[PDB]
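Notes follow once the structure below has been shown.
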Amino acid sequence: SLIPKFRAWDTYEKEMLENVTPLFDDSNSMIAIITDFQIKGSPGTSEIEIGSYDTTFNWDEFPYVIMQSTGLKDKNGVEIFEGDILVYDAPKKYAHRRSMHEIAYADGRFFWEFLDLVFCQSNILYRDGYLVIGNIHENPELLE
Amino acid sequence: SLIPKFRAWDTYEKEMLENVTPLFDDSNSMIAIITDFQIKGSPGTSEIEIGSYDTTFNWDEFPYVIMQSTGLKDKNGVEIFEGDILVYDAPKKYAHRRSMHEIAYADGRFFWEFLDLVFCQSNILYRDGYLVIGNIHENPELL
Amino acid sequence: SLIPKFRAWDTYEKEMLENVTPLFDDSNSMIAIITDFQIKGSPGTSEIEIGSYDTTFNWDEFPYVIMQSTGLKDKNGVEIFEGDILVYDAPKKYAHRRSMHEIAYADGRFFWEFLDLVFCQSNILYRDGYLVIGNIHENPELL
Amino acid sequence: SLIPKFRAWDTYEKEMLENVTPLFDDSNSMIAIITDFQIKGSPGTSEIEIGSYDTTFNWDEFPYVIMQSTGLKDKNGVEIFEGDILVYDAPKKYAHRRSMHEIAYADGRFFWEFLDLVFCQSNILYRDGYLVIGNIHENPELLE
């Protein structure tokens with residue numbers, strides 16, 4: 001099963017927004033985003049009260065980039081999203097260079113890039129395990 | 001890189017709703033659904049006008065079951081979702097069980113059940129190809 | 001990155017032979033098997049001394065079925081081969097059978113049948129882990 | 001199923017040997033290689049006659065690197081082995097090199113390195129398809 005959960009990088013404000021709801025037209029294009037809402041009212045006469053939101057008509061270039069949760073967690077229990085960048089949590093002693101690996105989606109599955117292992121919960125936790133160190137938007141220096 | 005697209009089975013109305021937007025609390029529980037909306041503003045400024053929707057306030061148990069698109073298509077160009085049931089498009093073997101393969105997501109990937117080939121667009125189309133024949137909600141006693 | 005290792009089911013003796021070397025002719029059909037050999041040279045002129053072997057000419061039906069090692073081990077350190085049958089080793093909660101999963105190779109990977117998980121070392125060992133309980137030849141009626 | 005088929009790179013002579021039979025002890029060390037054999041003698045009384053061969057006796061380090069067939073074919077029907085390098089057979093354009101990926105085995109599967117696609121027969125052949133254009137031993141600068 002996979003519970004749909006999304007975060008958005010606001011490229012104009014340079015801010016990561018958690019728990020957002022992307023809204024699409026019937027043609028697979030994002031047209032709005034709800035960043036906060038609450039449900040109000042009584043049983044049978046309830047409503048969705050949108051607190052904060054934005055739409056593509058407000059912008060020449062809509063500044064939100066959406067990323068979905070993989071439903072997997074890292075060694076410290078942090079939920080892994082598309083765009084996260086992970087590293088093997090090696091001991092400090094005899095420290096040796098390690099590469100970082102970005103999470104992406106293709107061909108029906110989430111992949112970590114440049115790694116021989118299959119991306120799955122057991123591989124994330126195996127031996128010393130993997131940790132999310134940042135993401136491609138906030139931390140592009142991790143892949144330099 | 002997967003464009004999010006969802007459908008919902010409404011267990012109360014016994015119907016499939018297309019192009020829905022599920023709304024979750026910050027704790028993994030679905031608390032509302034938007035089934036139609038428009039953007040309007042002339043300028044309003046622009047606003048989201050919810051057309052049809054439901055919330056968990058309205059129910060003892062929220063009757064909507066959400067399914068996400070894999071973004072892959074079957075041999076007939078049908079978009080494949082979680083809960084779809086696929087079969088290989090071969091001749092029909094009369095009076096014997098036909099193998100059926102439910103689509104689900106787990107542990108980082110979508111997969112089809114009971115099949116040695118890996119679920120991916122090229123394998124869906126290879127040879128005679130696979131077709132969606134229905135899903136586990138609209139067609140409950142097939143599997 | 002995969003050490004070639006083979007075992008053979010002897011369908012005449014009904015025994016499993018370990019560390020065998022299958023030999024294939026130019027038609028890619030198995031023609032012989034080496035079950036024991038030594039290297040006895042002296043010292044810049046070495047030789048392969050085959051000590052135990054068999055060939056398709058010594059039989060009407062060559063009674064050997066070859067299975068290759070996956071290179072992976074089960075939770076008890078047992079090397080896993082094609083044709084093995086694995087179970088998840090959760091405690092016996094009184095009176096229910098563990099589901100069984102045969103190992104095969106196809107289309108680029110070794111895999112376990114009827115399972116949502118990727119067949120890889122970490123999944124084999126995760127939590128209670130998986131154990132080999134038999135194989136399709138020694139235990140033809142297990143599945 | 002997979003018919004075991006092996007090739008070996010002789011790293012002393014710098015030659016690829018086709019269709020070899022690798023011989024291992026029980027500790028997983030290759031100690032011999034049969035490059036040619038035939039079966040001889042009376043039915044019921046037959047023998048393996050070893051033609052070309054080599055053993056680890058003659059060597060400080062046995063100079064042969066074994067690679068197994070994946071069982072999969074490229075767009076030209078060529079059997080793909082570990083160590084092969086594949087390219088996507090898109091129309092070639094001036095001064096643009098097509099991207100290359102090495103075949104490896106790890107942890108239960110064969111795969112193409114640095115490519116987020118399931119390595120399977122239908123993906124090898126899909127759309128423009130992939131072709132074997134060398135291997136890491138005979139063409140050690142090819143990946144660059």
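Just so it is clear: chains get the letters A, B, ... in the order the sequence lines come, proteins before strands, and each one is counted from 1. No hydrogens, no waters, no symmetry mates; every other heavy atom, side chains included, goes into these values.
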Do any N or O atoms from the side chain of A/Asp10 and from the backbone of A/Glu13 form a donor-acceptor pair under 3.5 angstrom? yes
For residues 106-114 of chain C, which side-chain N or O atoms pair as donor and acceptor with protein atoms under 3.5 Å away, sequence neighbours left out?
residue: C/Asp107; atom: OD1; partner: D/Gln121; partner atom: N; Å: 2.8
residue: C/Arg109; atom: NH2; partner: B/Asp116; partner atom: O; Å: 2.7
residue: C/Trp112; atom: NE1; partner: C/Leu117; partner atom: O; Å: 2.9

Tell me, with the steps shown, if A/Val118 and C/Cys120 meet side chain to side chain contact (heavy atoms under 4.5 Å, CB included). CA-CA 8 Å; A/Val118 179; C/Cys120 57; 5.6 Å; no
Side chains of A/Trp59 and A/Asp54: any donor to acceptor distance under 3.5 Å? yes
Apply the test side chain to side chain contact (heavy atoms under 4.5 Å, CB included) to residues A/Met100 and A/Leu143: give CA-CA distance (whole Å), side-chain angles for both, the deciding distance (0.1 Å), then the verdict. CA-CA 7 Å; A/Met100 302 253 160; A/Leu143 295 174; 4.1 Å; yes
Measure across A/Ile124 and A/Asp74 and return the closest heavy-atom pair with its distance rounded to 0.1 Å. CG2-CA, 3.8 Å
For C/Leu23 and C/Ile34: C-alpha separation, side-chain torsions, deciding distance, then whether side chain to side chain contact (heavy atoms under 4.5 Å, CB included) applies. CA-CA 8 Å; C/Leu23 286 175; C/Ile34 295 168; 4.1 Å; yes
Heavy-atom count around A/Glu141 CD within 6.0 Å, excluding the residue itself: above 12? yes
Any donor-acceptor pair under 3.5 Å from A/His96 side chain to A/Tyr94 backbone: no
For D/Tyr12 and D/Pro63, the nearest pair of non-hydrogen atoms, with its separation, is CB-CB, 4.0 Å
Roughly how far, to the nearest 0.5 Å, is the CD atom of D/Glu138 from the NZ atom of D/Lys14? 12.0 Å
Run the side-chain donor-acceptor check on residues 75-91 of chain B: report pairs under 3.5 Å with partners two or more places apart or on a different chain.
residue: B/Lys75; atom: NZ; partner: B/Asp89; partner atom: OD2; Å: 2.8
residue: B/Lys75; atom: NZ; partner: B/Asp128; partner atom: O; Å: 2.4
residue: B/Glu79; atom: OE1; partner: B/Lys5; partner atom: NZ; Å: 2.6
residue: B/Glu79; atom: OE2; partner: B/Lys5; partner atom: NZ; Å: 3.3
residue: B/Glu79; atom: OE2; partner: B/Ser69; partner atom: OG; Å: 2.5
residue: B/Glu82; atom: OE1; partner: B/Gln68; partner atom: N; Å: 2.9
residue: B/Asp84; atom: OD1; partner: B/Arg7; partner atom: NH1; Å: 2.9
residue: B/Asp84; atom: OD1; partner: B/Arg7; partner atom: NH2; Å: 2.8
residue: B/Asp84; atom: OD2; partner: B/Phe81; partner atom: N; Å: 2.8
residue: B/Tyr88; atom: OH; partner: B/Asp128; partner atom: N; Å: 3.1

With heavy-atom distances below 4.5 Å as the criterion, would you say the side chains of D/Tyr130 and D/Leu115 are in contact? yes
Measure from the side-chain N and O atoms of A/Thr55 to the backbone N and O of A/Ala32, and report whether any donor-acceptor pair falls under 3.5 Å. no
Rounded to the nearest 0.5 Å, what's the gap from NE2 on D/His137 to OG1 on D/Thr11? Could you check? 9.0 Å
So CG of A/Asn123 and CG of C/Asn123: to nearest 0.5 Å the spacing works out to 7.0 Å
From CG (A/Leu142) to CD (A/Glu144), nearest 0.5 Å: 10.0 Å
Distance check, rounded to the nearest 0.5 Å: A/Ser27 atom OG versus B/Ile3 atom CD1? 9.0 Å
List in chain and number order the residues that pass ring pair (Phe, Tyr, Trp, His ring centres under 6.0 Å) with A/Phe6, two or more places apart in sequence or in another chain; answer none if no residue qualifies. none
Please confirm whether the backbone N or O of A/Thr70 pairs with a side-chain atom of B/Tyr105, one donor and one acceptor, at under 3.5 Å? yes
Would you find a donor on one side and an acceptor on the other, under 3.5 Å apart, between the side chain of D/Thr56 and the backbone of D/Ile31? no
Above 12 or not: heavy atoms from other molecules or residues under 6.0 Å from CD of D/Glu18? yes
Taking the side chain as every heavy atom from C-beta outward, state whether D/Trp9 and D/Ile136 have any pair of such atoms under 4.5 Å apart. no
Under a 4.5 Å cut-off applied to non-hydrogen side-chain atoms, are D/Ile66 and D/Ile33 in contact? yes
Can you tell me how far the OH atom of D/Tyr64 sits from the CE atom of D/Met30, to the nearest 0.5 Å? 9.0 Å
